[PDB]
Amino acid sequence: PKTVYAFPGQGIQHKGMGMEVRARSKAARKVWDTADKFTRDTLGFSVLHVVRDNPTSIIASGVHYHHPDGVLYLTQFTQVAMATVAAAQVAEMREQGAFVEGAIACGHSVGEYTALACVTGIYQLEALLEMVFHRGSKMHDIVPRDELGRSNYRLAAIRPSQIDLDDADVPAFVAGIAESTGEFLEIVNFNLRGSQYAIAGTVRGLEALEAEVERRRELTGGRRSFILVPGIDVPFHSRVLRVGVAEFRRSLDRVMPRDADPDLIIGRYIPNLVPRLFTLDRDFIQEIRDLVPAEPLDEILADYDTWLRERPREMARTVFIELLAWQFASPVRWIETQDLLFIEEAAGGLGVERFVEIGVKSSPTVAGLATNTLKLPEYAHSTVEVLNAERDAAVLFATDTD
Amino acid sequence: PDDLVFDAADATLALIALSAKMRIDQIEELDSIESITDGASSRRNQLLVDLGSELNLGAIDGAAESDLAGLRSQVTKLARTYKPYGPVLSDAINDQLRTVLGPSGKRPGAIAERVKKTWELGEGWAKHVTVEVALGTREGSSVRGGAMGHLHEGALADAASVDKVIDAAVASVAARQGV
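Quick look at the structure:
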């Protein structure tokens, strides 16, 4: 069965991330041991201790971090914990024999890296953990902020379904309000086709935004169509973060393996800033070039046929690192990825039978998104079963009787 | 009278009464999971996982949009082998019993005894009465100004108080079930 593996993003962490998985399998225990040994040797903390317990504060090699509700909620540590848990779950699935081999890899804004490390193996988990921790540490200080720690950017989720607004004109409406207020407003996450979007921007702009949304809401009907995302105060996937892209590209070039097999991802990886299936086609490169600037990619466009003939691996690596670097600056396009995954083969789209995500039982966000998209009236005959790697372990591993 | 079988419908009722700090009597049939949460997705995930754990079942299609009648029907159809007190409900009821009977020191069995000997009823009525005592003896305020706790105010501290609360719970349970 042609399947898809979706790895969730932020907002999924919670104390004791699937320790039951660590206790159940023997491969999950091994990968947990390797990960925590490496992270305590190199980074300076015990990811196992950060996950099993939720310490209020920890001391890394040189510096120390704290958080009123556990260090697990900081970007770096939540990132490493998520990556480790996803790797453990995938290893457990694979050792039990219930893990299809040629599955296509996709993920949410940050799960993409874990998905690549897990279901494709293009790079090992160690480099993933190291680069993720370093980048997460660098991210928190990429935006000027008050000495009190407050920043000048927030993001909130809107539900334009009950405003009567349609999908087509949502970006137009956001741009109109931005022009009216003369502030910085930008779509970031296109999660659900009709009734979910994420908008990040300045403060006053956000205030104008939910004021207008509430006025329209009271005009039409009560839905509570605006939720201010808490804690996070950095405009991820926005244009403003396009200054740190160069350093991230340099780091990826430094760490990414030199000799890699493009066949390991071609037709097997759904990037985010460009939803189309990863492919070695001039049109795909042109699209990734004109969507966002990419100087190292320009030399690809000038000469393509000969370069493809002579340096397939090198050009594939260049496009891969360019995509991976630019991903964290451009909005995610989950709507396009979902539609490409669920549309049947006849209508120019991948026909996926099962859509299983490597998540957690507590907060299955991506599974909720998939189910919500499927229950839309656009397609009601789609036989695309949606699974969660923890809620439906019984049916995923095929150990369910009646 | 005939004992009342506490089925998956009653367990779901207890669960969405506890999650929203609501009362079984104050919730109406047309109430849906969406209506009580007022669109709060944060509570939606927790409530859905709690219902799944109580029913030992996975995804419940349409649970968010299905009304209380449809929710009860589907949980009864699916959770045919429901166990009297699942994890979520077990911890909720027992913790509330501790926090309301600390000074009194009475145990859940005593409550059931009043439904067996004092009231001459079966075990299902005892479980329903314990659930009602746990729900109505909590502290706080309702979402829309209703009385958060109807049976008692504060933690019980004497045998008479707990006995009268149990009697009121039996009376209310009979009234809602027409007994």
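If you read the protein sequences in the order shown, they are chains A and B. If you read the first sequence in the entry's author numbering, its first letter stands for residue 1330, the second for the next number, and so on. If you read the second sequence in the entry's author numbering, its first letter stands for residue 1, the second for the next number, and so on. Here a beta-carbon is modelled for each residue, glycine too, at the ideal position from N, C-alpha and C.
Along the beta strand (DSSP E) that carries residue i, what are the first and last residues, could you check?
{"i": "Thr1332 of chain A", "result": "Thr1332 to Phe1336"}
{"i": "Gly1697 of chain A", "result": "It is not in any beta strand (DSSP E) - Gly1697 of chain A instead sits in the alpha helix (DSSP H) that spans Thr1694 to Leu1703."}
{"i": "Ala1432 of chain A", "result": "Where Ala1432 of chain A is concerned, there is no enclosing beta strand (DSSP E), given that its DSSP letter is neither H nor E."}
State the DSSP-derived secondary structure class of residue i, mapped to helix, strand or coil.
{"i": "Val1572 of chain A", "result": "coil"}
{"i": "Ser142 of chain B", "result": "coil"}
{"i": "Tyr1633 of chain A", "result": "coil"}
{"i": "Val1558 of chain A", "result": "coil"}
{"i": "residue 1780 of chain A", "result": "The displayed coordinates of chain A run from 1330 to 1731. Any statement about residue 1780 of chain A would go beyond what the structure contains."}
{"i": "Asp158 of chain B", "result": "coil"}
{"i": "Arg80 of chain B", "result": "coil"}
{"i": "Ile27 of chain B", "result": "coil"}
{"i": "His1469 of chain A", "result": "coil"}
{"i": "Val49 of chain B", "result": "helix"}
{"i": "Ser90 of chain B", "result": "helix"}
{"i": "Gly70 of chain B", "result": "helix"}
{"i": "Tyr1442 of chain A", "result": "helix"}
{"i": "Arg1587 of chain A", "result": "coil"}
{"i": "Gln1418 of chain A", "result": "helix"}
{"i": "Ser32 of chain B", "result": "strand"}
{"i": "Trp119 of chain B", "result": "coil"}
{"i": "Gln1453 of chain A", "result": "coil"}
{"i": "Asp95 of chain B", "result": "helix"}
{"i": "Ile1341 of chain A", "result": "coil"}
{"i": "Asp1627 of chain A", "result": "helix"}
{"i": "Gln1408 of chain A", "result": "helix"}
{"i": "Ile1492 of chain A", "result": "coil"}
{"i": "residue 217 of chain B", "result": "Chain B is shown only over 1 to 179; residue 217 of chain B falls outside these bounds and no answer can be derived."}
Could you please give me the residues that DSSP links to residue i through a beta bridge?
{"i": "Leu1716 of chain A", "result": "A:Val1685"}
{"i": "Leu1514 of chain A", "result": "A:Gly1530"}
{"i": "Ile1387 of chain A", "result": "A:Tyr1394"}
{"i": "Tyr1598 of chain A", "result": "A:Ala1434"}
{"i": "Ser1509 of chain A", "result": "None; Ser1509 of chain A has no bridge partner."}
{"i": "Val1661 of chain A", "result": "A:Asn1518"}
{"i": "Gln1656 of chain A", "result": "Paired residue(s): none; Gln1656 of chain A is not in a bridge."}
{"i": "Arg1474 of chain A", "result": "A:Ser1480"}
{"i": "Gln1525 of chain A", "result": "A:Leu1521"}
What residue range does the alpha helix (DSSP H) around residue i cover?
{"i": "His1378 of chain A", "result": "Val1376 to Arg1381"}
{"i": "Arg1483 of chain A", "result": "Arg1483 of chain A -> not in any alpha helix (DSSP H); beta strand (DSSP E) instead, spanning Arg1483 to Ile1487."}
{"i": "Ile1672 of chain A", "result": "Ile1672 of chain A -> no alpha helix (DSSP H), and no H or E assigned at all."}
{"i": "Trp1361 of chain A", "result": "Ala1356 to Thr1371"}
{"i": "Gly109 of chain B", "result": "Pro108 to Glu113"}
{"i": "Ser19 of chain B", "result": "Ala8 to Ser19"}
{"i": "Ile60 of chain B", "result": "First-last for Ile60 of chain B: undefined, no H or E at that position."}
{"i": "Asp1619 of chain A", "result": "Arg1611 to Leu1620"}
{"i": "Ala40 of chain B", "result": "First-last for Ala40 of chain B: undefined, no H or E at that position."}
{"i": "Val1724 of chain A", "result": "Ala1722 to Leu1725"}
{"i": "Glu65 of chain B", "result": "From DSSP, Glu65 of chain B is part of no alpha helix (DSSP H); its letter is neither H nor E."}
{"i": "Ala1352 of chain A", "result": "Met1348 to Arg1353"}
Taking only beta-carbon atoms, is residue i less than 9 Å away from chain D?
{"i": "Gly1551 of chain A", "result": "Among the protein chains in the structure shown, which are A and B, there is no chain D."}
Checklist entry - With contact counted as at least three CB pairs below 8 Å, one residue from each stretch, are the stretch 1573 to 1591 of chain A and the stretch 1639 to 1646 of chain A in contact? => result Under the Cβ criterion (8 Å, minimum of three pairs), the stretch 1573 to 1591 of chain A counts as touching the stretch 1639 to 1646 of chain A.
Item to check | Residues within the stretch 1376 to 1398 of chain A neighbouring chain B, beta-carbon criterion of under 7 Å | outcome: Of all residues in the stretch 1376 to 1398 of chain A, none has a Cβ within less than 7 Å of some Cβ in chain B.
Checklist entry - Is the stretch 1558 to 1565 of chain A touching the stretch 1616 to 1631 of chain A, taking contact as three or more C-beta pairs under 8 Å? => result Because the criterion of three Cβ pairs below 8 Å is not met, the stretch 1558 to 1565 of chain A and the stretch 1616 to 1631 of chain A do not touch.
Item to check | At least 3 beta-carbon pairs within less than 8 Å: the stretch 1493 to 1511 of chain A vs the stretch 1565 to 1581 of chain A | outcome: Counting Cβ pairs under 8 Å, fewer than three are found: no touch.
Item to check | Proximal residues, the stretch 1621 to 1643 of chain A versus chain B, C-beta separation under 9 Å | outcome: Going along the stretch 1621 to 1643 of chain A in chain order, one finds no residue with a Cβ nearer than 9 Å to chain B.
Checklist entry - In the stretch 1344 to 1366 of chain A, which residues sit with their C-beta less than 8 Å from some C-beta in chain B, listed in chain order? => result Result list empty, no residue passes.
Item to check | Members of the stretch 1686 to 1700 of chain A that neighbour chain B once the beta carbon cut-off is set at 9 Å | outcome: Listed in sequence order: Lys1690, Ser1691, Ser1692, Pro1693, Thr1694, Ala1696, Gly1697 and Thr1700.
Checklist entry - If contact means a Cβ-Cβ distance below 7 Å, which residues of the stretch 1711 to 1728 of chain A contact chain B? => result Of all residues in the stretch 1711 to 1728 of chain A, the ones placed with a Cβ closer than 7 Å to any Cβ belonging to chain B are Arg1720 and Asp1721, in chain order.
Next on the checklist: Taking beta-carbon pairs under 7 Å, can you tell me which members of the stretch 150 to 170 of chain B lie near chain A?
Outcome noted: Of all residues in the stretch 150 to 170 of chain B, none comes within less than 7 Å of chain A when Cβ atoms are compared.
Next on the checklist: For the pair the stretch 1454 to 1471 of chain A and the stretch 1527 to 1542 of chain A, tell me if three or more CB-CB distances fall below 8 Å.
Outcome noted: The answer is no - the stretch 1527 to 1542 of chain A does not touch the stretch 1454 to 1471 of chain A, with fewer than three Cβ pairs under 8 Å.
Next on the checklist: Does the contact criterion of 3 or more C-beta pairs under 8 Å hold for the stretch 1645 to 1659 of chain A versus the stretch 1480 to 1491 of chain A?
Outcome noted: Two segments are said to touch when three or more pairs of C-beta atoms, one from each, lie closer than 8 Å; by this definition the stretch 1645 to 1659 of chain A does not touch the stretch 1480 to 1491 of chain A.
Checklist entry - Given a limit of 8 Å on CB to CB distance, which residues of the stretch 28 to 40 of chain B reach chain A? => result Closer than 8 Å at the C-beta level to chain A, one finds these residues of the stretch 28 to 40 of chain B: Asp38, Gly39 and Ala40.
Item to check | Touch test, the stretch 1715 to 1723 of chain A against the stretch 1363 to 1371 of chain A, Cβ-Cβ under 8 Å, three pairs minimum | outcome: Touching, no, given that fewer than three Cβ pairs across the two stretches are closer than 8 Å.
Next on the checklist: Three or more C-beta pairs under 8 Å: does that hold for the stretch 17 to 28 of chain B against the stretch 1 to 9 of chain B?
Outcome noted: Cβ pair count under 8 Å is below three, so no.
Next on the checklist: Counting beta carbon pairs with one atom in the stretch 1700 to 1708 of chain A and one in the stretch 40 to 47 of chain B, are three or more of them shorter than 8 Å?
Outcome noted: Counting Cβ pairs under 8 Å, fewer than three are found: no touch.
Next on the checklist: Quick check: the stretch 131 to 143 of chain B against the stretch 167 to 177 of chain B, are at least 3 beta-carbon pairs closer than 8 Å?
Outcome noted: Output reads yes: the stretch 131 to 143 of chain B touches the stretch 167 to 177 of chain B.
Next on the checklist: Which residues of the stretch 66 to 96 of chain B have a Cβ closer than 7 Å to any Cβ of chain A? Give them in chain order.
Outcome noted: Of all residues in the stretch 66 to 96 of chain B, none has a Cβ within less than 7 Å of some Cβ in chain A.
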